[PDB]
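Read-outs: derived from the displayed coordinates by stated rules, not from any lab. All Cβ positions, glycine included, derive from the backbone under ideal geometry; neighbour counts span all protein chains shown.
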Amino acid sequence: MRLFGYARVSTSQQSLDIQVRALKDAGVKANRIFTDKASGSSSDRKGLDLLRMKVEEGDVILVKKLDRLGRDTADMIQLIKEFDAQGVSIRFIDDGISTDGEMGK
């Protein structure tokens, strides 16, 4: 089990630093900070891209709320269904627990 934290910058000053402090404050290790330097030529979705292959069985993925996971398509729910099937959890600073309620009821 480990404390992985997903991050993504939105501003063009030092959002990666502010994000990391947000994941660490949430309970994430600096060594496990899969951030995303979106402040570039295009969106750098490499954090969850590598997180899907770096999380361990029974690991907790702490996500911060600075902008938004996805936008239109089920992106925020995509990596959530991928980790949910891998036996991994995803904590949310917005509440403290994971998506305890994401089905097509």
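With Rg and the Kirkwood Rh both taken from Cα atoms, where does Rg over Rh land for the chain? Mind dumping the intermediate values first?
On the way: Rg = 13.0 Å, Rh = 13.8 Å.
Using only Cα positions, Rg/Rh for the chain is 0.94.
Sketch the reach of a paramagnetic label on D49 as a point 7 Å from Cα along Cα-to-Cβ, and name the residues of the range 69-103 whose backbone nitrogen lies under 20 Å away. Of the residues in the range 69-103, 69-83 have backbone N under 20 Å from the label point off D49.
Take the Cα of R71, step 7 Å along the line toward its Cβ, and report every residue of the range 16-34 whose backbone nitrogen sits under 16 Å from that point. Correct set: none at all. From least to most packed, judged by other beta carbons within 10 angstrom and beginning with the fewest, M103, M76 follow the order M103, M76. Taking a ≥ b ≥ c as the square roots of the eigenvalues of the Cα gyration tensor, the range 52-105 is classed as rounded, since a/c falls below 1.5. Sorted ascending by nearby beta carbons within 10 Å, beginning with the fewest, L3, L79 become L3, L79.
In plain terms, the chain from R21 to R2 could stretch by 5.1 nm, reckoned as 0.36 nm per residue minus the Cα-Cα distance.
Ranked by how many other Cβ atoms sit within 10 Å of their own Cβ, fewest first, the residues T99, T11 fall in the order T11, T99. Computed from point charges on the beta carbon alone (+1 for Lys and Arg, -1 for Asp and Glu), the dipole magnitude for the chain about its Cα centre is near 300 Debye.
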